[PDB]
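Input: a single structure, listed below in C-alpha cells.
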Amino acid sequence: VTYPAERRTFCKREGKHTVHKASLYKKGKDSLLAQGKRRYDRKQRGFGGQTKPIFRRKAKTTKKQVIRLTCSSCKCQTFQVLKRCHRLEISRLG
Amino acid sequence: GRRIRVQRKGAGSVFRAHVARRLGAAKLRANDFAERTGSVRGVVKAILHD
Amino acid sequence: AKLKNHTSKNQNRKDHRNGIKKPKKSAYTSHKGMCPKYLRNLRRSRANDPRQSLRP
Amino acid sequence: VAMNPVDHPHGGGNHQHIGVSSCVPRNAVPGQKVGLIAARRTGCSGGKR
RNA sequence: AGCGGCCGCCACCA
RNA sequence: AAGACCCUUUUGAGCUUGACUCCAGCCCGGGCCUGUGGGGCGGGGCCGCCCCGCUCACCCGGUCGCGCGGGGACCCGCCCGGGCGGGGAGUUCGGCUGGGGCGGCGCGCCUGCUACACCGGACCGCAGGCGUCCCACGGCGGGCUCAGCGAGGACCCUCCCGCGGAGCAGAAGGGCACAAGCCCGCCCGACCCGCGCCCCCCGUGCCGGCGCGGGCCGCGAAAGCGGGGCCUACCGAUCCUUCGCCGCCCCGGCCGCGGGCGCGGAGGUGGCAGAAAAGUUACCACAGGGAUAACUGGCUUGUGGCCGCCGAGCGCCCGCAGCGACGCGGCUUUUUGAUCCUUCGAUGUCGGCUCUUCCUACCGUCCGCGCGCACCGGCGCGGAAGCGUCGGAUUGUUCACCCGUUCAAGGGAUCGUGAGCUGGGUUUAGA
RNA sequence: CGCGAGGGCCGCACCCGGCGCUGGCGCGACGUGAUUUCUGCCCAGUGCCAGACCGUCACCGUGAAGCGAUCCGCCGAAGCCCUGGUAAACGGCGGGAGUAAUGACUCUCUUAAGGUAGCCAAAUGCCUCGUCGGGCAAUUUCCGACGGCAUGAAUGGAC
RNA sequence: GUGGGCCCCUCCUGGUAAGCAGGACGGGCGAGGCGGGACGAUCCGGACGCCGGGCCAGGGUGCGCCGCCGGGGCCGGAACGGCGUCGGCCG
RNA sequence: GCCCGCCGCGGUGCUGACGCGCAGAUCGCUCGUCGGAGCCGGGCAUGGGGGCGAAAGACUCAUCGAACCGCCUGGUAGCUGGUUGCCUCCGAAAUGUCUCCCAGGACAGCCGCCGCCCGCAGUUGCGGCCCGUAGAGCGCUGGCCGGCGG
RNA sequence: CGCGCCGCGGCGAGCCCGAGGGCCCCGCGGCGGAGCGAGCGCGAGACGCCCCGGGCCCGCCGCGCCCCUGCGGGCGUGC
Ligand SMILES: [K+]
Ligand SMILES: [K+]
Ligand SMILES: [K+]
Ligand SMILES: [K+]
Ligand SMILES: [K+]
Ligand SMILES: [K+]
Ligand SMILES: [K+]
Ligand SMILES: [K+]
Ligand SMILES: [K+]
Ligand SMILES: [K+]
Ligand SMILES: [K+]
Ligand SMILES: [K+]
Ligand SMILES: [K+]
Ligand SMILES: [K+]
Ligand SMILES: [K+]
Ligand SMILES: [K+]
Ligand SMILES: [K+]
Ligand SMILES: [K+]
Ligand SMILES: [K+]
Ligand SMILES: [K+]
Ligand SMILES: [K+]
Ligand SMILES: [K+]
Ligand SMILES: [K+]
Ligand SMILES: [K+]
Ligand SMILES: [K+]
Ligand SMILES: [K+]
Ligand SMILES: [K+]
Ligand SMILES: [K+]
Ligand SMILES: [K+]
Ligand SMILES: [K+]
Ligand SMILES: [K+]
Ligand SMILES: [K+]
Ligand SMILES: [K+]
Ligand SMILES: [K+]
Ligand SMILES: [K+]
Ligand SMILES: [K+]
Ligand SMILES: [K+]
Ligand SMILES: [K+]
Ligand SMILES: [K+]
Ligand SMILES: [K+]
Ligand SMILES: [K+]
Ligand SMILES: [K+]
Ligand SMILES: [K+]
Ligand SMILES: [K+]
Ligand SMILES: [K+]
Ligand SMILES: [K+]
Ligand SMILES: [K+]
Ligand SMILES: [K+]
Ligand SMILES: [K+]
Ligand SMILES: [K+]
Ligand SMILES: [K+]
Ligand SMILES: [K+]
Ligand SMILES: [K+]
Ligand SMILES: [K+]
Ligand SMILES: [K+]
Ligand SMILES: [K+]
Ligand SMILES: [K+]
Ligand SMILES: [K+]
Ligand SMILES: [K+]
Ligand SMILES: [K+]
Ligand SMILES: [K+]
Ligand SMILES: [K+]
Ligand SMILES: [K+]
Ligand SMILES: [K+]
Ligand SMILES: [Mg+2]
Ligand SMILES: [Mg+2]
Ligand SMILES: [Mg+2]
Ligand SMILES: [Mg+2]
Ligand SMILES: [Mg+2]
Ligand SMILES: [Mg+2]
Ligand SMILES: [Mg+2]
Ligand SMILES: [Mg+2]
Ligand SMILES: [Mg+2]
Ligand SMILES: [Mg+2]
Ligand SMILES: [Mg+2]
Ligand SMILES: [Mg+2]
Ligand SMILES: [Mg+2]
Ligand SMILES: [Mg+2]
Ligand SMILES: [Mg+2]
Ligand SMILES: [Mg+2]
Ligand SMILES: [Mg+2]
Ligand SMILES: [Mg+2]
Ligand SMILES: [Mg+2]
Ligand SMILES: [Mg+2]
Ligand SMILES: [Mg+2]
Ligand SMILES: [Mg+2]
Ligand SMILES: [Mg+2]
Ligand SMILES: [Mg+2]
Ligand SMILES: [Mg+2]
Ligand SMILES: [Mg+2]
Ligand SMILES: [Mg+2]
Ligand SMILES: [Mg+2]
Ligand SMILES: [Mg+2]
Ligand SMILES: [Mg+2]
Ligand SMILES: [Mg+2]
Ligand SMILES: [Mg+2]
Ligand SMILES: [Mg+2]
Ligand SMILES: [Mg+2]
Ligand SMILES: [Mg+2]
Ligand SMILES: [Mg+2]
Ligand SMILES: [Mg+2]
Ligand SMILES: [Mg+2]
Ligand SMILES: [Mg+2]
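Protein chains in written order, with the deposited numbering: chain A, 2 to 95; chain B, 2 to 51; chain C, 2 to 57; chain D, 202 to 250.
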C-alpha cells in the first residue's frame, strides 16, 4: 500500500479545505506519573509475585496504520486510519 | 520429597563418632619456657592401640 | 454425551395461545424517521394558525 | 538410583539410570549437591605426569 | 523496545 | 462393600520438569561499623581509582594466663543492590465429540446445495472460501466496444457480422453494452459536525449496509453524481496506556510547573460477548453417573456361514452322472462389526475338569432311488437325531498341527457350568 | 569427583552445632559390582570446568541542564556472551546403485561420529509355531547352529 | 416451575441396515380415568363430580366369556416352479 | 562370614486346616539358618513434610505415597438421599440467544395471582400483489448411445 | 438484616415512640419538597376528569442576531 505525500482535505481550525502533509503515527513512551502506572507500582511492592494478568495468546499479525495529516497553513493535526495491511510507505514529493 | 541421607547426618544423633574407650586426643607437647631456651627430656612408657 | 440440537415442534402452539398481538395504535403515527424539513414546517404552520395555535 | 524419587535426586524410572548429567555446579544448594561436585574433568585415562 | 555489532545480552499490567 | 475399571465435576492429593508465579540459602558489589601515616596512576579546571606500612578497634590460637604468639583497618555482622536457585512453596494444566483419547475444527464470519415455491429449519451433512490486496486496481466527465468465427494481406494490419459466448483483485452465486468493461483529462466524497433505520435478534451488543439535516469540496456546458474499490465475507468490551482538539478542577488564596476530567481515535483479547497457566500416577484417590465405554442379553446382518433360481461352459461324444462362470433371489444368528435400550449403593470377568439336556444344516450305522453303478470301492439325492464320534506329543489356549486305533459330523443351554473345583492365562501393589 | 583447616560437606529462627578424641594409608559425594579376559568411535547438543574482559549487565558514585520534582550522560562486581578442556558426565554410534548364485570391488549422497571386540529368534526377534540339525511313534516346549522390528562394551561386554 | 424429552401420521438427510442417529406441518404420551386391540405409557373409539333409567362408538357374537341369524360366491416371507381346483381374455 | 543337625531365630510348599476362627494373621506337616554382617533382656538417643530405612514408599503402639488428639468447623459441594393435615379453583416446559457453557445459570417464551380501563377471529367468500418445489424438458451450464447426407 | 413490588391504618407539602429527659408527657437529624451537568455551575408553567400521544419550558452540546456592568446579559434556532 502506498500513500500520497500531500493531500487536500478539511481543516477544522480554519473550516475549509487546505493541503496537509503526511506522516506516520507512533505511540509515545510511557510516563512514570500517569495514575494507572502509579497504582500498578504500589500494588507490586512487597511479597506475593505478579498482581495483574500478563497477556499471552496473540493472534493478529497486523496493526492498523494511522496517518498524521498536518495542515500547511495553520499546523492543525488530523488522523486517518487505514485498513489492515503488511507494508505501508509514504511517497516523497513535496 | 523428604530430607536426603547427607542432609540427616549434620544433625548428630545416630551419626556421631564412636568415641567410647578412646585413649584421648593426640598432640605434641605444649611449647613453654624451657623448650624455647633449651630442651626437655621424656621417656616412652607404653605403645598403645587406639 | 450428546443432547438434542434444535426443534420448533411446540413453538407455533405457544405463539398462538395468547392470540397474536397487534402493535399499539399510536405506533402507526410516530414522527420517528420522518423528514426533519417536513417536521419543522409542520410545527411552524400550526403555531401561526389562531384556530390551532397554543401560545399563551 | 536404587531409591524412589522422594528419597534422592537419582531415584525412580523404569530402568535404573541417573537421567541427567551427574556433574553438579559449585553453587548448588543443600539437598541438590549430589553426584560429582564441580568436576574439572571425568573418565578414566592415563597420560598424567 | 533497549543497547551494541541477521547475530549476541537484557527488559515485559491493555 | 454408596465399582477400585471407564467417564463427568470449573472435588483432591503424591511425584516430575524446558508450566505460571515466587522463597530459603549461597556467590558478588558499595556503604556504616573504622584508627593512624606514606605513596602511584588517571581525568576536569578539585574529582576518581589503586597500592603498602604501623597498632589501638575488631578477630583467632597456646597457657593451670610459669616466664607466649598470629592476623588487622581487611575480614566478619548489619543496610541496600544484582546473579544463581524443583532444594522448597502455592497454583494451573480449554471445549465440542455416535464413551474418552489420537485426529479434525460448523469455536467468529461468507457463497451454492441439503430445504419439501413466504420467513424459519439439524448433524464430526456435500462442494468450497475469509484474517488479505490496491493513491489507484479510487471520484467524476467524455469518448469507445469486448470474446471470437468467417474472408483477406511482404518474409501485426483490414473489412464484415458479433445479447456478451470477454472483462469487472481473490470462493461461489447474482448483476452490467453509446456500461458497472477499455482509454484519456482533471482530481481526493478512501472528508467535518449531529441523528435515524435494516440484517442477526431477547427485537441487547458487535461486524456490515442504507436513509437524512447542516458545513466544506471534486468533476461536468449543465441536469446530476460522489462518505472508496458493482452486490452478498475480510473483524474486537470494561480497566490501563498513548495521541489530538476546545475548555474546566486541584476544595483557606494567588502565580509557574505538574496531575486529573468531559469528547474522539490507536495499542487486543482467532477458545473471536474478550481467565494470566505444563506433565505424570501400575501408590492413590472424592462426589456422582447406566445422561457414558470394557463383559450377557435385545434390534440389525455389511462381514462370516448355509441354501435356491438361470444355463456360458467343462465332462472322448453328450448343458443338467458329477459339475457350473457372468448374473439374480433368500435364510441363519454358532464369526466379527454397527448401535448404546437394560445393569456403575457390583449379575464374580478366559479356558480346562466334571455332569446333564437339547437342535439338525446327517460324518459311520438303517430304509429307498440315481450314476460316466460289471465285481470290489467310490460319488449324488430323499426319509431318518436311536447308538457311536475315541487314546496321545507341543501350546493357558478356543483354534491349529502331527502320531495311533473299530479311521473319528457341526452346534445350543447368561460365549451352560468359580457359595462345584482348579488358577495356567488375562487383570493391583515387588522385579 | 571435591577439599591442606582463614578449608570442605551438612545442621540450624537466633545464639550456637555434626563429621572432629579427626588431618590425604584421612573425611565426604557418586557410579559399577568376586575371579579370569576385556572395556572401541563421537565434545556437534545438554551438563560441568578454567582464562580472557569483547558486547551486555545493578544500586551506589559523578558530570551537564532545571524554580524544584526530575530528565539525560558517564562509570561499570559477579553472571551470561566469547576462547579453550572434559564421555568409568548424560547420552549417541547409515543410506542408495551396480560389481567375479553371492559380492572381495567401485561410484555416490551423507554424520559430531556412523556400532569395533564380542554375543543372540536370549528373561531382549515384530514378522514367528523363523531355517536347519539333535532328541520322540508323534514336540508352538528344550538343546546346538545360522544372522539384529529395537544386541553390544563400569547403561559395563563375553566366559 | 421448565431450558435430558419421546412416540404416531405424512415429508426428508447420513448409513447394508437398525427398537440407529439427525431435521419439518399437525396430533398424542408426558400430565388423560373408561371400553376394545389375549397381553403393551403412545394403536381404534371416547377425555373423567356422586347416582337411577334409556340410547349406542370402536370391536365383535361355537364353549371358556356378555352377544347371530338369513343370503350369493370360494375353499412372517422372495426369485422361481405346479396337467390342484374355480373363473376369464386372445387366437 | 565351611558342611549335616537340637534349642533358638526365621517363614518355603501343600496355593493343607481354619476362614459366623482358638486367633482383627492362628494351627499341622514340610522347609531356611544354627560361631557369624548371629540371637535375646534392661537402660539411653532420634519427633511429623519431621525421624529412621542392607531401599519394599518400608516402619514410626491393629493408624503411613505424610501418625495420633482437640480446636478453626454445623469448612464448601452447579452433586446423591430425605423433606410431615383436608377440600376447592386454575395449570405448564423439555424451545431461541449469550455464557471456561455442555449433569448449572441469566434474559425471552409458556402459566398463576393481583388488578385497571372502554369492536374481535389459527375460518370461508370476493379483489390485488409475491414464490420456483412436484411434474415436464434439453433452449442454457454440463453429461451420453448410434444412424443417414455433404 | 438489606432490596423490590402489592395490600391495609394514621396524618398530608409535609411527615417522624432517635438517643435522651420528666401502655402517659416532651423530644434533632433524616427522608420528601427540583432537576440536570465530568465540572466551572445554571435552573422548570402552556395546554389536560383519568390514561396515551402531541406541543412547549429547564440542564448538558452546538450555533444567527442585538447590548449594559462584557469570553458577562438579552432575544432566537437544531438533533
Ligand atoms: K492517566
Ligand atoms: K509483589
Ligand atoms: K525435602
Ligand atoms: K520435605
Ligand atoms: K530436601
Ligand atoms: K528423612
Ligand atoms: K532415575
Ligand atoms: K465409581
Ligand atoms: K471408580
Ligand atoms: K465410562
Ligand atoms: K475412576
Ligand atoms: K465436587
Ligand atoms: K480437582
Ligand atoms: K495421592
Ligand atoms: K497421597
Ligand atoms: K513434587
Ligand atoms: K527450584
Ligand atoms: K500440582
Ligand atoms: K425477539
Ligand atoms: K456482516
Ligand atoms: K451528510
Ligand atoms: K478498551
Ligand atoms: K483514551
Ligand atoms: K460416590
Ligand atoms: K452423569
Ligand atoms: K439417566
Ligand atoms: K436413558
Ligand atoms: K436378519
Ligand atoms: K448402556
Ligand atoms: K451396552
Ligand atoms: K456395572
Ligand atoms: K442388581
Ligand atoms: K444318523
Ligand atoms: K559412571
Ligand atoms: K562400592
Ligand atoms: K568383567
Ligand atoms: K558433545
Ligand atoms: K568442546
Ligand atoms: K560439550
Ligand atoms: K555386531
Ligand atoms: K538355543
Ligand atoms: K545401546
Ligand atoms: K455403514
Ligand atoms: K394431553
Ligand atoms: K391357477
Ligand atoms: K531348627
Ligand atoms: K484337605
Ligand atoms: K501361624
Ligand atoms: K553348621
Ligand atoms: K536428628
Ligand atoms: K523421634
Ligand atoms: K508427616
Ligand atoms: K498429622
Ligand atoms: K477433633
Ligand atoms: K484452634
Ligand atoms: K463441589
Ligand atoms: K460434590
Ligand atoms: K442420605
Ligand atoms: K475449565
Ligand atoms: K446451556
Ligand atoms: K454443572
Ligand atoms: K430459571
Ligand atoms: K442440454
Ligand atoms: K458537561
Ligand atoms: Mg488549517
Ligand atoms: Mg400470543
Ligand atoms: Mg524400588
Ligand atoms: Mg526431587
Ligand atoms: Mg457409586
Ligand atoms: Mg466409592
Ligand atoms: Mg463448569
Ligand atoms: Mg490437585
Ligand atoms: Mg499433585
Ligand atoms: Mg512443586
Ligand atoms: Mg470434554
Ligand atoms: Mg459499497
Ligand atoms: Mg464466545
Ligand atoms: Mg512402587
Ligand atoms: Mg443407556
Ligand atoms: Mg448375512
Ligand atoms: Mg447410554
Ligand atoms: Mg454379588
Ligand atoms: Mg449369582
Ligand atoms: Mg459362560
Ligand atoms: Mg452356581
Ligand atoms: Mg469361587
Ligand atoms: Mg505387577
Ligand atoms: Mg548394578
Ligand atoms: Mg566406554
Ligand atoms: Mg543395554
Ligand atoms: Mg431411539
Ligand atoms: Mg417428568
Ligand atoms: Mg384388557
Ligand atoms: Mg354364551
Ligand atoms: Mg555356616
Ligand atoms: Mg548348614
Ligand atoms: Mg490355603
Ligand atoms: Mg476439615
Ligand atoms: Mg461437613
Ligand atoms: Mg382446566
Ligand atoms: Mg432440551
Ligand atoms: Mg469467557
Ligand atoms: Mg472466555
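Even for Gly, the Cβ is constructed at its ideal location relative to N, Cα and C.
Under the Cβ criterion of 8 Å, residue 207 of chain D is counted among the residues facing chain B. Residues of chain D with a Cβ closer than 9 Å to the Cβ of residue 9 of chain B do not exist; the shortest Cβ-Cβ separation is about 11 Å. Excluding its 5 nearest sequence neighbours in each direction, residue 85 of chain A has C-beta neighbours in its own chain below 7 Å: 63, 65, listed in chain order. Residue-level contact by beta carbon fails for residue 13 of chain B and chain D, as no gap is shorter than 8 Å.
Restricted to the stretch 17-89 of chain A, the beta strand (DSSP E) segments that are unbroken, complete and at least 3 residues in length are 17-25, 67-72, 78-82, listed in chain order. Your pair residue 69 of chain A and residue 24 of chain A checks out as a contact, with CB atoms roughly 5 Å apart and the cut at 8 Å. Annotation for residue 11 of chain A: the continuous beta strand (DSSP E) segment containing it runs 7-12. Rounded to the nearest whole angstrom, the CA to CA distance from residue 2 of chain A to residue 80 of chain A is 17 Å. The beta carbon of residue 83 of chain A lies closer than 6 Å to those of 66 in the same chain, with the five residues before and after it left out. For the pair of segments examined, the stretch 16-32 of chain B was found not to touch the stretch 223-230 of chain D: the number of CB pairs separated by less than 8 Å stays below three. Within chain B, not a single residue places a beta-carbon under 7 Å from that of residue 244 of chain D; the smallest gap is close to 24 Å. Remark: the shortest separation between the CB of residue 4 of chain B and any heavy atom of ligand 5 falls under 7 Å. For residue 34 of chain C and residue 47 of chain C, the gap between their C-alpha atoms comes out near 21 Å.
Linking residue 49 of chain B to residue 219 of chain D through their CA atoms gives a straight-line distance of about 47 Å.
Neighbourhood of residue 226 of chain D in chain B, by CB distance below 8 Å: empty, with the nearest CB roughly 17 Å away.
With contacts defined as CB atoms closer than 8 Å, residue 15 of chain A and residue 75 of chain A qualify as a contacting pair.
Short of 6 Å from the beta carbon of residue 239 of chain D, and not among the five residues preceding or following it, lie these beta carbons of its own chain, in chain order: 227.
Bridge partners of residue 238 of chain D according to DSSP: D/225. For a Cβ distance threshold of 9 Å, residue set 2, 4, 5, 7, 8 of chain B lies close to residue 232 of chain D, ordered along the chain. The distance from the Cβ of residue 21 of chain A to that of residue 73 of chain A is about 7 Å, consistent with a contact at the 8 Å cut-off.
DSSP places residue 22 of chain C in no alpha helix (DSSP H); its state is neither H nor E. For ligand 2, residues qualifying as neighbours are A/45, A/47, A/49, A/50, A/52, where qualification means a beta carbon closer than 6 Å to at least one of its heavy atoms (chain order).
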